[PDB]
């Protein structure tokens, strides 16, 4: 298996497994679970490898090691977003020293998106998103008390992330995946495991 290929393979496996373990996610209708992931897909993967590559210099890390540099962002599959990822997310992340708790929180606000297309349990998913808001607000307040704007600061990288997401004319790393099915068939079967 290729170097970047198995990175992509692991990167998705880790994503889906991450969500499988978010409190209440799997209690939603499986179809909604696919919808939420199929839709949050890019922004979720992006935010993830963005934060993970804060220490990496001039690059994006992917599924341990494999630090993609601009000189082959196209190979990697992050050609459309590379520059902005480093400056609008990686840099800003490092600048505020955004921790793992916060990251997970934002990622969840992204996963629990009620405006997801065709989502059935919109009301449910919304209540879930709103818990994360509470949890995250209190977490900042407790952890970084002398930073009155941190909560909103963290919340405001969500649009930035969205924009970078819109630049992906596909679901990141999907065609590098071993199987050759449909996003939904891949998600669905990956969910049941």
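Positions refer to the first chain, counted from 1.
Asks: Please work out which of 43-51 and 61-69 has the higher mean CA B-factor as recorded in the PDB entry.
Replies: It is 61-69 that shows the higher mean C-alpha B-factor.
Asks: Going by the B-factors listed in the PDB entry, is the mean over the C-alpha atoms higher for 21-29 or for 169-177?
Replies: Comparing averages over the C-alpha atoms only gives 169-177.
Asks: Among 80, 96, 109, 90, which residue carries the highest C-alpha B-factor recorded in the PDB entry?
Replies: Comparing C-alpha B-factors across 80, 96, 109, 90, the top value belongs to 80.
Asks: Report the option among 148, 143, 163, 127 whose CA atom has the maximum B-factor in the deposited record.
Replies: Within the set 148, 143, 163, 127, 148 shows the top C-alpha B-factor.
Asks: Looking at the temperature factor on the CA atom of residue 56, which third of the chain's modelled residues does it land in?
Replies: Its C-alpha B-factor belongs to the highest third of this chain's values.
Asks: Select lowest, middle or highest to describe the third in which the CA B-factor of residue 101 falls within its chain in this entry.
Replies: Tercile = lowest for this residue's CA B-factor.
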